[PDB]
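Input: a single structure, listed below in structure tokens.
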Amino acid sequence: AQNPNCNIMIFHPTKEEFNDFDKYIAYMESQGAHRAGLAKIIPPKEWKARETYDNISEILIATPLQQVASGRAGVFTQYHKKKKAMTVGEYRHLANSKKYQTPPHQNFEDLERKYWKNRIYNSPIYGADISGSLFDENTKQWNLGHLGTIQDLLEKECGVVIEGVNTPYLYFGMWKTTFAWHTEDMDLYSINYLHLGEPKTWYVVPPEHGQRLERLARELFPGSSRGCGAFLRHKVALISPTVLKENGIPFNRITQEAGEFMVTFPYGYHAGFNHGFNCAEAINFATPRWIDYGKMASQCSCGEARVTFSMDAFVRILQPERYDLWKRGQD
Ligand SMILES: O=C(O)CNC(=O)C(=O)O
Ligand SMILES: [Mg+2]
Ligand code: NI
Ligand SMILES: [Zn+2]
């Protein structure tokens with residue numbers, strides 16, 4: 001078995017190898033990459049996402065989210081308070097202010113320590129989940145706005161024809177902005193490209209051990225667990241590496257820098273934070289191997305997680321028994 005310790009693998013494709021996205025994903029899996037839950041892909045040196053970022057300040061963040069924490073430093077929840085709209089120019093200036101900027105630090109490790117020590121005492125503002133793309137239309141390789149769609153994957157593998165569309169989303173981050181422990185909707189893959197700015201640190205649990213993280217989360221967030229049988233779908237819970245180590249949960253960590261892709265694999269729980277002002281683009285995708293994970297994915301039926309138009313069809317076709325009760329939560 002390849003990659004039996006479930007380490008995060010890093011790939012350096014040549015420009016020739018960067019032409020066929022599906023094939024490269026299948027290659028990475030042939031080497032065991034999926035066992036980690038997360039892989040890094042460093043694009044060929046010749047490749048670029050776009051020519052410059054010189055005119056991005058005019059993008060609107062219509063609903064910036066202030067991430068307010070509750071709990072203790074290693075075990076907390078976050079709630080997202082909606083703020084008034086601001087442009088990326090406004091947001092970047094805010095990120096760089098004395099109140100919100102990255103503190104002085106020695107290296108990524110010292111900054112990681114400062115994040116876990118101090119996150120809960122601050123409320124950074126995240127411009128998340130903005131439909132759009134920063135890839136130039138002429139970028140032909142690994143352009144997250146030109147991938148094969150999940151609906152088309154389901155049609156090719158299963159023959160069924162469904163409504164829905166699949167488009168990317170932009171994320172504008174600042175110091176301490178946080179993504180809580182989650183898997184993707186319907187346990188899909190994700191791919192995330194860091195267009196610009198400061199790094200993003202990731203933590204991940206191998207898919208084969210995801211249920212160990214779930215059991216810990218039920219112990220650490222016991223009222224959330226009683227409220228919903230899949231409350232990590234709410235994307236609100238944080239658990240630090242120290243706490244994971246104390247409880248014997250297998251995990252890995254890696255820092256993504258500007259110009260790099262990350263791939264998350266089906267049922268790979270992940271969480272993380274941004275080091276400073278940055279912009280990432282991400283989208284879900286499927287392969288044939290995903291189909292069985294889609295059939296088995298948990299669902300939030302308490303109604304909090306409240307998910308997309310396109311996820312309806314996935315549930316209807318892959319989880320017809322759940323269909324009914326899941327759409328009662330989503331209506
Ligand atoms: O970048 C972020 O804030 C969160 N991204 C993801 O969880 C992802 O790409 O799957
Ligand atoms: Mg602009
Ligand atoms: Ni994710
Ligand atoms: Zn729920």
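By order in the structure tokens, chains are A, B, ...; within a chain, residues start at 1; ligands start at 1, following the order shown.
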Q. So which residues are near ligand 4, meaning at most 9 Å away with only C-alpha atoms and all ligand atoms counted, given back as an NGL selection string?
A. :A and (224-225 or 227-234 or 299-306 or 329)
Okay, now the selection with N, CA, C and O atoms, as a PDB file, in the first residue's frame?
```pdb
ATOM      1  N   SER A 224     -23.681  20.469  20.996  1.00  0.00           N
ATOM      2  CA  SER A 224     -23.738  20.524  19.488  1.00  0.00           C
ATOM      3  C   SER A 224     -24.030  19.135  18.942  1.00  0.00           C
ATOM      4  O   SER A 224     -24.825  18.963  17.990  1.00  0.00           O
ATOM      5  N   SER A 225     -23.409  18.132  19.501  1.00  0.00           N
ATOM      6  CA  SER A 225     -23.561  16.765  19.082  1.00  0.00           C
ATOM      7  C   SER A 225     -24.980  16.274  19.300  1.00  0.00           C
ATOM      8  O   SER A 225     -25.561  15.606  18.422  1.00  0.00           O
ATOM      9  N   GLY A 227     -27.613  18.171  19.295  1.00  0.00           N
ATOM     10  CA  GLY A 227     -28.458  18.961  18.395  1.00  0.00           C
ATOM     11  C   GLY A 227     -28.484  18.457  16.966  1.00  0.00           C
ATOM     12  O   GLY A 227     -29.418  18.763  16.214  1.00  0.00           O
ATOM     13  N   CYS A 228     -27.397  17.790  16.546  1.00  0.00           N
ATOM     14  CA  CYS A 228     -27.247  17.438  15.130  1.00  0.00           C
ATOM     15  C   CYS A 228     -26.292  16.290  14.999  1.00  0.00           C
ATOM     16  O   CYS A 228     -25.150  16.354  15.488  1.00  0.00           O
ATOM     17  N   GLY A 229     -26.680  15.316  14.178  1.00  0.00           N
ATOM     18  CA  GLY A 229     -25.893  14.135  14.015  1.00  0.00           C
ATOM     19  C   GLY A 229     -24.695  14.318  13.101  1.00  0.00           C
ATOM     20  O   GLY A 229     -23.889  13.392  12.969  1.00  0.00           O
ATOM     21  N   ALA A 230     -24.603  15.494  12.491  1.00  0.00           N
ATOM     22  CA  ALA A 230     -23.436  15.839  11.645  1.00  0.00           C
ATOM     23  C   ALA A 230     -23.039  17.257  11.834  1.00  0.00           C
ATOM     24  O   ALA A 230     -22.883  18.029  10.913  1.00  0.00           O
ATOM     25  N   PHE A 231     -22.889  17.672  13.109  1.00  0.00           N
ATOM     26  CA  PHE A 231     -22.647  19.080  13.330  1.00  0.00           C
ATOM     27  C   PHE A 231     -21.345  19.711  12.820  1.00  0.00           C
ATOM     28  O   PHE A 231     -21.305  20.924  12.687  1.00  0.00           O
ATOM     29  N   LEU A 232     -20.379  18.856  12.493  1.00  0.00           N
ATOM     30  CA  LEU A 232     -19.196  19.448  11.846  1.00  0.00           C
ATOM     31  C   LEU A 232     -19.506  20.078  10.456  1.00  0.00           C
ATOM     32  O   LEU A 232     -18.803  21.024  10.084  1.00  0.00           O
ATOM     33  N   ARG A 233     -20.635  19.653   9.875  1.00  0.00           N
ATOM     34  CA  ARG A 233     -21.173  20.345   8.683  1.00  0.00           C
ATOM     35  C   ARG A 233     -21.519  21.779   8.893  1.00  0.00           C
ATOM     36  O   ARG A 233     -21.556  22.542   7.923  1.00  0.00           O
ATOM     37  N   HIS A 234     -21.688  22.215  10.139  1.00  0.00           N
ATOM     38  CA  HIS A 234     -21.894  23.616  10.367  1.00  0.00           C
ATOM     39  C   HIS A 234     -20.699  24.470  10.230  1.00  0.00           C
ATOM     40  O   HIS A 234     -20.770  25.704  10.168  1.00  0.00           O
ATOM     41  N   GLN A 299     -25.113  13.864   6.620  1.00  0.00           N
ATOM     42  CA  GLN A 299     -25.759  15.061   6.380  1.00  0.00           C
ATOM     43  C   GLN A 299     -26.292  15.729   7.638  1.00  0.00           C
ATOM     44  O   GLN A 299     -26.641  15.041   8.601  1.00  0.00           O
ATOM     45  N   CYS A 300     -26.240  17.054   7.576  1.00  0.00           N
ATOM     46  CA  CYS A 300     -26.922  17.918   8.566  1.00  0.00           C
ATOM     47  C   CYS A 300     -28.451  17.911   8.138  1.00  0.00           C
ATOM     48  O   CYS A 300     -28.815  18.477   7.088  1.00  0.00           O
ATOM     49  N   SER A 301     -29.270  17.382   9.002  1.00  0.00           N
ATOM     50  CA  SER A 301     -30.738  17.573   8.899  1.00  0.00           C
ATOM     51  C   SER A 301     -31.340  18.528  10.010  1.00  0.00           C
ATOM     52  O   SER A 301     -32.520  18.927   9.824  1.00  0.00           O
ATOM     53  N   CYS A 302     -30.541  18.969  11.051  1.00  0.00           N
ATOM     54  CA  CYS A 302     -30.998  20.065  11.973  1.00  0.00           C
ATOM     55  C   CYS A 302     -31.341  21.345  11.268  1.00  0.00           C
ATOM     56  O   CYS A 302     -32.048  22.212  11.812  1.00  0.00           O
ATOM     57  N   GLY A 303     -30.789  21.545  10.092  1.00  0.00           N
ATOM     58  CA  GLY A 303     -31.138  22.703   9.289  1.00  0.00           C
ATOM     59  C   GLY A 303     -30.155  23.817   9.307  1.00  0.00           C
ATOM     60  O   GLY A 303     -30.294  24.740   8.509  1.00  0.00           O
ATOM     61  N   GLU A 304     -29.135  23.759  10.200  1.00  0.00           N
ATOM     62  CA  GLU A 304     -28.159  24.826  10.251  1.00  0.00           C
ATOM     63  C   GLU A 304     -27.274  24.893   9.002  1.00  0.00           C
ATOM     64  O   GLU A 304     -26.952  25.979   8.567  1.00  0.00           O
ATOM     65  N   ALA A 305     -26.848  23.750   8.442  1.00  0.00           N
ATOM     66  CA  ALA A 305     -25.777  23.809   7.418  1.00  0.00           C
ATOM     67  C   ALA A 305     -26.285  24.331   6.058  1.00  0.00           C
ATOM     68  O   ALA A 305     -25.541  24.967   5.318  1.00  0.00           O
ATOM     69  N   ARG A 306     -27.540  24.075   5.751  1.00  0.00           N
ATOM     70  CA  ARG A 306     -28.250  24.888   4.716  1.00  0.00           C
ATOM     71  C   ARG A 306     -27.382  25.137   3.442  1.00  0.00           C
ATOM     72  O   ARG A 306     -26.694  26.170   3.295  1.00  0.00           O
ATOM     73  N   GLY A 329     -34.878  19.741   6.401  1.00  0.00           N
ATOM     74  CA  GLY A 329     -33.869  20.626   6.997  1.00  0.00           C
ATOM     75  C   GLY A 329     -33.477  21.793   6.100  1.00  0.00           C
ATOM     76  O   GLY A 329     -33.240  22.896   6.592  1.00  0.00           O
TER      77      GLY A 329
END
```
Counting only C-alpha atoms and all ligand atoms, which residues of chain A sit at most 9 Å from some atom of ligand 3, and what is each one's closest atom pair with its distance in Å to one decimal, listed by chain and rising residue number, as a Markdown table?
```
| residue | atom | partner | partner_atom_place_in_ligand_line | distance |
| --- | --- | --- | --- | --- |
| A:179 | CA | ligand 3 | 1 (Ni) | 7.8 |
| A:180 | CA | ligand 3 | 1 (Ni) | 8.7 |
| A:181 | CA | ligand 3 | 1 (Ni) | 8.4 |
| A:182 | CA | ligand 3 | 1 (Ni) | 6.4 |
| A:183 | CA | ligand 3 | 1 (Ni) | 6.0 |
| A:184 | CA | ligand 3 | 1 (Ni) | 5.4 |
| A:185 | CA | ligand 3 | 1 (Ni) | 8.6 |
| A:189 | CA | ligand 3 | 1 (Ni) | 8.4 |
| A:190 | CA | ligand 3 | 1 (Ni) | 6.3 |
| A:191 | CA | ligand 3 | 1 (Ni) | 8.4 |
| A:192 | CA | ligand 3 | 1 (Ni) | 8.5 |
| A:264 | CA | ligand 3 | 1 (Ni) | 7.1 |
| A:268 | CA | ligand 3 | 1 (Ni) | 8.9 |
| A:269 | CA | ligand 3 | 1 (Ni) | 8.0 |
| A:270 | CA | ligand 3 | 1 (Ni) | 6.5 |
| A:271 | CA | ligand 3 | 1 (Ni) | 7.6 |
| A:282 | CA | ligand 3 | 1 (Ni) | 8.4 |
| A:283 | CA | ligand 3 | 1 (Ni) | 8.9 |
| A:284 | CA | ligand 3 | 1 (Ni) | 8.5 |
```
Q. Looking at A:149, A:38, A:310, A:140, which one is nearest to ligand 1, with distances taken over only C-alpha atoms and all ligand atoms?
A. A:38
**Q.** Atomic distance atom CA of residue A:197 - atom CA of residue A:279, expressed in Å with one decimal
**A.** 6.6 Å
Q: Kindly provide, as a count of residues only, all nucleotide and amino acid residues lying within 9 Å of ligand 2, counting only C-alpha atoms and all ligand atoms.
A: 11
Q: Tell me which protein, DNA and RNA residues are within 9 Å of stretch 40-52 of chain A, counting only C-alpha atoms, leaving out same-chain ones fewer than 5 positions away, and put them as an NGL selection string.
A: :A and (8-18 or 134-139 or 141-143 or 195 or 254 or 256 or 259-263)
Please save C-alpha atoms of the selected residues as a PDB file, in the first residue's frame.
```pdb
ATOM      1  CA  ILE A   8       0.896  14.884   3.130  1.00  0.00           C
ATOM      2  CA  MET A   9       2.588  14.527  -0.260  1.00  0.00           C
ATOM      3  CA  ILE A  10       3.970  17.393  -2.359  1.00  0.00           C
ATOM      4  CA  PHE A  11       3.997  17.160  -6.180  1.00  0.00           C
ATOM      5  CA  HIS A  12       6.021  19.097  -8.735  1.00  0.00           C
ATOM      6  CA  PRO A  13       4.422  18.321 -12.163  1.00  0.00           C
ATOM      7  CA  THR A  14       6.212  19.317 -15.324  1.00  0.00           C
ATOM      8  CA  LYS A  15       4.379  21.547 -17.820  1.00  0.00           C
ATOM      9  CA  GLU A  16       3.751  18.381 -19.811  1.00  0.00           C
ATOM     10  CA  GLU A  17       2.212  16.652 -16.826  1.00  0.00           C
ATOM     11  CA  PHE A  18       0.070  19.745 -16.072  1.00  0.00           C
ATOM     12  CA  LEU A 134      -9.301  35.194 -10.832  1.00  0.00           C
ATOM     13  CA  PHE A 135      -7.931  32.796 -13.487  1.00  0.00           C
ATOM     14  CA  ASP A 136      -7.335  34.370 -16.858  1.00  0.00           C
ATOM     15  CA  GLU A 137      -9.580  32.775 -19.465  1.00  0.00           C
ATOM     16  CA  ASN A 138      -6.472  32.064 -21.498  1.00  0.00           C
ATOM     17  CA  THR A 139      -4.935  29.939 -18.745  1.00  0.00           C
ATOM     18  CA  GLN A 141      -3.981  24.339 -17.346  1.00  0.00           C
ATOM     19  CA  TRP A 142      -5.524  23.898 -13.883  1.00  0.00           C
ATOM     20  CA  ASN A 143      -7.913  26.760 -14.395  1.00  0.00           C
ATOM     21  CA  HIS A 195      -3.489  33.515  -5.784  1.00  0.00           C
ATOM     22  CA  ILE A 254       1.355  21.979   6.082  1.00  0.00           C
ATOM     23  CA  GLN A 256       0.480  26.704   1.576  1.00  0.00           C
ATOM     24  CA  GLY A 259       1.258  30.248  -6.139  1.00  0.00           C
ATOM     25  CA  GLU A 260       0.556  26.781  -4.799  1.00  0.00           C
ATOM     26  CA  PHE A 261      -2.467  24.420  -5.096  1.00  0.00           C
ATOM     27  CA  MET A 262      -3.874  22.218  -2.367  1.00  0.00           C
ATOM     28  CA  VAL A 263      -6.196  19.292  -2.997  1.00  0.00           C
TER      29      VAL A 263
END
```
Q: Grab the atom CA of residue A:66 to atom 5 (N, counted along the ligand's line) of ligand 1 distance for me, in Å with one decimal place.
A: 16.6 Å
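Using only C-alpha atoms, the smallest distance between any of A:201, A:122, A:287, A:240 and residue A:258 comes from A:201.
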If DSSP is run on the backbone, what residues of stretch 184-324 of chain A are helix (DSSP H, G or I)? A reply as a PDB file with C-alpha atoms, in the first residue's frame would be ideal.
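So the final result, stored in part.pdb, reads:
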```pdb
ATOM      1  CA  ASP A 185     -20.271  18.944   0.924  1.00  0.00           C
ATOM      2  CA  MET A 186     -21.145  15.353  -0.002  1.00  0.00           C
ATOM      3  CA  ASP A 187     -17.524  14.455   0.924  1.00  0.00           C
ATOM      4  CA  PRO A 207      -9.850   9.848   5.655  1.00  0.00           C
ATOM      5  CA  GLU A 208      -9.383   6.434   7.131  1.00  0.00           C
ATOM      6  CA  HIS A 209      -9.388   8.050  10.539  1.00  0.00           C
ATOM      7  CA  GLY A 210     -12.063  10.622  10.176  1.00  0.00           C
ATOM      8  CA  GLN A 211     -14.427   8.915  12.554  1.00  0.00           C
ATOM      9  CA  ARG A 212     -11.818   9.327  15.338  1.00  0.00           C
ATOM     10  CA  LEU A 213     -12.024  13.075  14.860  1.00  0.00           C
ATOM     11  CA  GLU A 214     -15.835  12.884  14.882  1.00  0.00           C
ATOM     12  CA  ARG A 215     -15.832  10.973  18.156  1.00  0.00           C
ATOM     13  CA  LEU A 216     -13.529  13.514  19.733  1.00  0.00           C
ATOM     14  CA  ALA A 217     -15.657  16.341  18.445  1.00  0.00           C
ATOM     15  CA  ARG A 218     -18.814  14.789  20.006  1.00  0.00           C
ATOM     16  CA  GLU A 219     -16.933  14.659  23.380  1.00  0.00           C
ATOM     17  CA  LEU A 220     -15.638  18.223  23.080  1.00  0.00           C
ATOM     18  CA  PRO A 222     -21.452  17.693  23.563  1.00  0.00           C
ATOM     19  CA  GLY A 223     -24.536  19.933  23.197  1.00  0.00           C
ATOM     20  CA  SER A 224     -23.738  20.524  19.488  1.00  0.00           C
ATOM     21  CA  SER A 225     -23.561  16.765  19.082  1.00  0.00           C
ATOM     22  CA  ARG A 226     -26.982  16.237  20.681  1.00  0.00           C
ATOM     23  CA  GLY A 227     -28.458  18.961  18.395  1.00  0.00           C
ATOM     24  CA  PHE A 231     -22.647  19.080  13.330  1.00  0.00           C
ATOM     25  CA  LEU A 232     -19.196  19.448  11.846  1.00  0.00           C
ATOM     26  CA  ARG A 233     -21.173  20.345   8.683  1.00  0.00           C
ATOM     27  CA  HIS A 234     -21.894  23.616  10.367  1.00  0.00           C
ATOM     28  CA  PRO A 241      -3.078  20.449  17.323  1.00  0.00           C
ATOM     29  CA  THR A 242      -2.142  20.187  20.985  1.00  0.00           C
ATOM     30  CA  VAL A 243      -5.608  18.910  21.778  1.00  0.00           C
ATOM     31  CA  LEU A 244      -5.583  16.474  18.888  1.00  0.00           C
ATOM     32  CA  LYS A 245      -2.185  15.129  20.096  1.00  0.00           C
ATOM     33  CA  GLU A 246      -3.473  14.813  23.683  1.00  0.00           C
ATOM     34  CA  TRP A 290     -15.656   9.899  -5.027  1.00  0.00           C
ATOM     35  CA  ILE A 291     -18.973   8.250  -5.914  1.00  0.00           C
ATOM     36  CA  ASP A 292     -18.961   5.815  -3.021  1.00  0.00           C
ATOM     37  CA  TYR A 293     -18.076   8.610  -0.593  1.00  0.00           C
ATOM     38  CA  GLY A 294     -20.903  10.633  -1.885  1.00  0.00           C
ATOM     39  CA  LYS A 295     -23.299   7.783  -1.183  1.00  0.00           C
ATOM     40  CA  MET A 296     -22.066   7.482   2.397  1.00  0.00           C
ATOM     41  CA  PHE A 309     -28.998  24.164  -5.102  1.00  0.00           C
ATOM     42  CA  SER A 310     -26.655  21.637  -6.731  1.00  0.00           C
ATOM     43  CA  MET A 311     -26.241  19.525  -3.575  1.00  0.00           C
ATOM     44  CA  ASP A 312     -30.037  18.772  -3.740  1.00  0.00           C
ATOM     45  CA  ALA A 313     -29.573  16.674  -6.785  1.00  0.00           C
ATOM     46  CA  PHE A 314     -26.603  14.860  -5.388  1.00  0.00           C
ATOM     47  CA  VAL A 315     -28.658  13.857  -2.350  1.00  0.00           C
ATOM     48  CA  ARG A 316     -31.648  12.937  -4.449  1.00  0.00           C
ATOM     49  CA  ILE A 317     -29.694  10.571  -6.661  1.00  0.00           C
ATOM     50  CA  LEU A 318     -27.012   9.160  -4.347  1.00  0.00           C
ATOM     51  CA  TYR A 323     -33.800  12.812   0.452  1.00  0.00           C
ATOM     52  CA  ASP A 324     -37.120  13.633   2.182  1.00  0.00           C
TER      53      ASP A 324
END
```
Q: Identify which of the residues A:322, A:98, A:113, A:200 lies closest to ligand 1, counting only C-alpha atoms and all ligand atoms when measuring atom-to-atom distances.
A: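 The closest residue to ligand 1 is A:200.
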Q.
Taking the DSSP secondary structure from the backbone, can you list the residues of stretch 205-310 of chain A that are strand (DSSP E or B), as an MDAnalysis selection string?
A. chainID A and resid 237:239 252:256 261:264 270:274 278:285
For the residues in the current selection, export C-alpha atoms as a PDB file, in the first residue's frame.
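Printed below is result16.pdb as written:
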```
ATOM      1  CA  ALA A 237     -15.669  23.997  15.548  1.00  0.00           C
ATOM      2  CA  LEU A 238     -11.976  24.328  16.133  1.00  0.00           C
ATOM      3  CA  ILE A 239      -9.675  21.932  17.894  1.00  0.00           C
ATOM      4  CA  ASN A 252      -0.779  16.348   9.670  1.00  0.00           C
ATOM      5  CA  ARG A 253      -0.055  19.980   9.007  1.00  0.00           C
ATOM      6  CA  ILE A 254       1.355  21.979   6.082  1.00  0.00           C
ATOM      7  CA  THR A 255       1.662  25.626   5.049  1.00  0.00           C
ATOM      8  CA  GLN A 256       0.480  26.704   1.576  1.00  0.00           C
ATOM      9  CA  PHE A 261      -2.467  24.420  -5.096  1.00  0.00           C
ATOM     10  CA  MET A 262      -3.874  22.218  -2.367  1.00  0.00           C
ATOM     11  CA  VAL A 263      -6.196  19.292  -2.997  1.00  0.00           C
ATOM     12  CA  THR A 264      -8.426  17.867  -0.297  1.00  0.00           C
ATOM     13  CA  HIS A 270      -9.368  19.875   7.357  1.00  0.00           C
ATOM     14  CA  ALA A 271      -9.071  23.199   9.263  1.00  0.00           C
ATOM     15  CA  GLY A 272      -6.656  26.075   9.195  1.00  0.00           C
ATOM     16  CA  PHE A 273      -5.870  29.769   9.283  1.00  0.00           C
ATOM     17  CA  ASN A 274      -4.432  32.600   7.268  1.00  0.00           C
ATOM     18  CA  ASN A 278      -4.406  36.814   1.026  1.00  0.00           C
ATOM     19  CA  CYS A 279      -6.767  35.685  -1.741  1.00  0.00           C
ATOM     20  CA  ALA A 280      -7.554  32.058  -2.489  1.00  0.00           C
ATOM     21  CA  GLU A 281      -9.841  30.450  -5.071  1.00  0.00           C
ATOM     22  CA  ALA A 282     -11.446  27.057  -4.519  1.00  0.00           C
ATOM     23  CA  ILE A 283     -13.934  24.697  -6.033  1.00  0.00           C
ATOM     24  CA  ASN A 284     -15.292  21.224  -5.385  1.00  0.00           C
ATOM     25  CA  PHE A 285     -14.779  18.432  -7.841  1.00  0.00           C
TER      26      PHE A 285
END
```
Q. Residues at most 12 Å from residue A:101, counting only C-alpha atoms, excluding those fewer than 6 positions away in the same chain, as an MDAnalysis selection string?
A. chainID A and resid 91:95 122 124:125 173:177 198 274:278
Q: For atom CA of residue A:288 and atom CA of residue A:151, determine how far apart the two atoms are, in Å to one decimal place.
A: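 Between atom CA of residue A:288 and atom CA of residue A:151 the gap is 12.0 Å.
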Q) Nearest to ligand 1: which of A:247, A:2, A:19, A:178 is it, counting only C-alpha atoms and all ligand atoms? A)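 Once distances to ligand 1 are computed over only C-alpha atoms and all ligand atoms, the minimum belongs to A:178.
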